[PDB]
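What follows is a short report on a single structure.
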């Protein structure tokens, strides 16, 4: 009656599966190559700005108050340039980028590469070289999605498959070249950024080609540089997995509160300046200079956060130092991302989770020594646990931490901590962060139509 | 314009994203535990039958003709029992079973647990203890899906989300417990064994809990036992990725030829018995006896295929022995799987991929000594490449070879070989194997049945 109707359609569909068009495969190769080159150039510009920042710091190493003022000024002017470019030329090129390029894969949120690529590139360059605690993945994944749309519009590809596949392969190429992590890009685009409530024709065989050419363009210009080089930690036996479940419960209790904090401060800071261009640029300059001066006095609360994950997994931190770094780092990340700067929050979540993981593993190693514990395996497990409770994408959290730490023997602690985080963030009332920001800006856009 | 209605439903759906019922999450925990226990009991039964079958020979080791006849009888009676149980009490238990579960996720080909579970269990036990070239993976993916449907019908869960989610977590727990690969168990569901043409409601968190509990129930019972133990090989520089591209092109133009072979041999052996029960069990007994005789004399062409996979990865295989193993393994895999025995092909395609990759690696390292190559890196890159060109599931092929070889430094040769394989299997024009078997057994059920 109806099964006869669907069975012939299912046979006709299964006998020709996985036939994507060669036009889309070739444009996905060009998209992935351009996104890898743009991410390499963005990384080199950020590092050259930070090196010139440190050189201007050491240029006058005789007067301490003058050094603190020149640190504040040289970071604040770069932050003012980034906030001005974003706030004057492109109101949708500030923040993370993953909501504004995830809403573009659901046929809303128009991607405008001509007024995103230079402004998000140069503004994220300014506010990331200034020292503000932001991840260089969000600026490169919105650059990735917009390079995908730019190739689609230049070569005049038609169809509804080509647009979604090129936005997805641009975004996955951006996440692959930000972290040197090829598998995390595909597992981020088929688990988090595709439309979760309907059916779209994203071709994984083209997302893969974008990720391959992007990671090859990363490895051409980044030879023998590991982003995170932890050693080779001891394995976790079967009588120790309950501790990683407890750590997952702690991250799942913490995650939704971090979501509520970032969504609350991102309009508590709007209550300061009201939306004005000059007052927004002045407030952004104040917080960028504050994070730049924290880049000199106590130089662990600022920065991207990737220069303390190799420290906080081999010991080398006091408990008081861990609590001070966690408190001031959560303060500075909630101040820097939620103000409106161009910069993601993946990297100060992978750095904010390792501090909490070391602070739990250092408790657990002394609470009972009958297991012969180490305070580093709990940090490796808890790295992608705030990334699994806050943004609630545990599969790409676990895959990305397995990519950039290369400790496979902790895969069962990693999956148990990330999954306890996801479950206890669900049973607390924690909506995912990248969907909450997207739904918030869509409701704001709808209220601005009346 | 209906885009405003799509926006309003999108806001209401993004706020309520990833919120799975607690009943589904608990029942997927129970599915994971039961499929872990079923795969552990299945592996121990196959191990004990292989031990007794190969130990009775040296127990009664008088003379060589009697030794060969007792090898043939000791394998052929077990294979006769498996074929008879399949073709008498559950005809869907024949073959791999990933097509039957891949159909039952689309509300066709109904999973009768009370007929498949004991027949796939004991029949796969007989035909896999008989030393046949059959995977341990198929008869535990289908046992996993049937356990999932069993406990859904036991606890009486209604809805459409519960059925797809418990069948998907059963198949995921089966593939996680067959290979000790937790990540590939989820990655087979989210990109190969879901409904690939319409939206369905498989919650990834329940598949995650099922995979975790299944891998814990594996690792309790055979800890410190890895299936594939290769050493830390040499890394692959950037000027030698085009070699892995050429190896991917070789696998891609071999994939559809092997699919044509298995889908043709599955009728060429059907003409031998004509659907008759007596001639089918007699032909299957001759096949299983041949696979036991080959498992006794020249043993590295029979059995599951994980025994020779660390020898081929940089071991004592010559170019004259690798060709013999490849031709005899493809002839025995075809003759043993296309005849309808209960046993998957997903596990003896890893061995064929490793043999072809080792042959290419030994040609390449002799063809130029300027790159300082190795055959072992080509074997680990080409392991899950016939699995990416034949069943055309590249992401889970790459994930699974990353899982059970513990070499992340070859992730770029792995992805390049897998993508060369999928591309040059698509341009040649081969369908995926596990969908071109389901399309065949759906066209048969439509036309040749009613």
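For neighbour counting, all protein chains shown are included, and Cβ atoms are generated from backbone atoms with ideal geometry for every residue, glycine included. FYI, it's all coordinate maths here, none of it is from the lab.
Quick notes on this one:
- Screening A:128, A:68 for residues that are under 26 Å from the mean Cα position of the chain (by Cα) and in a helix (DSSP H, G or I) leaves exactly one candidate, A:128.
- Taken over segment B:184-193, the criterion of being more than 16 Å from residue B:35 (Cβ to Cβ) and within 7 Å of chain A (Cβ to nearest Cβ) is satisfied by B:190, B:191.
- Among residues of segment A:435-450, those that are touching a residue at least 24 places away in the same chain (Cβ under 8 Å) and either more than 8 Å from chain B (Cβ to nearest Cβ) or under 22 Å from residue B:412 (Cα atoms) (or both), counted: 3
- Whichever residue in segment A:405-431 is more than 9 Å from chain B (Cβ to nearest Cβ) and under 24 Å from residue A:310 (Cβ atoms) and, among such residues, is surrounded by the most Cβ atoms within 10 Å (Cβ to Cβ): A:417
- Residues in segment A:16-64 that are outside any helix (DSSP H, G or I) and either more than 14 Å from every other protein chain (Cβ to nearest Cβ) or exposed (fewer than 15 other Cβ atoms within 10 Å of the Cβ) (or both): A:16, A:19, A:60, A:61, A:62, A:63.
- Residue selected from segment B:250-282 under the condition buried (at least 18 other Cβ atoms within 10 Å of the Cβ) and over 20 Å from the mean Cα position of the chain (by Cα), by the criterion farthest from residue B:334 (Cα to Cα): B:250
- Residue A:231 being crowded, with 21+ Cβ neighbours inside 10 Å, touching a residue at least 60 places away in the same chain (Cβ under 8 Å) and within 24 Å of the chain's Cα centre (by Cα): no
- Scanning segment B:232-262 for residues that are outside any loop (DSSP other than H, G, I, E, B), away from chain A (no Cβ under 12 Å) and farther than 20 Å from residue B:348 by Cβ yields B:240, B:243, B:246, B:249, B:253.
One line per residue, one yes/no per condition, for (1) crowded, with 22+ Cβ neighbours inside 10 Å; (2) more than 12 Å from every other protein chain (Cβ to nearest Cβ); (3) farther than 15 Å from residue B:183 by Cα:
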position	(1), (2), (3)
A:373	no, yes, yes
A:377	yes, yes, yes
A:403	yes, no, no
A:433	yes, no, yes
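- Apart from one condition, residue B:165 fits all of (1) in a helix (DSSP H, G or I); (2) under 17 Å from residue B:98 (Cβ atoms); the exception is (2).
- Restricting segment A:194-221 to residues that are under 20 Å from the mean Cα position of the chain (by Cα) and not in a helix (DSSP H, G or I), the residue that is nearest to the other protein chains (Cβ to nearest Cβ): A:196
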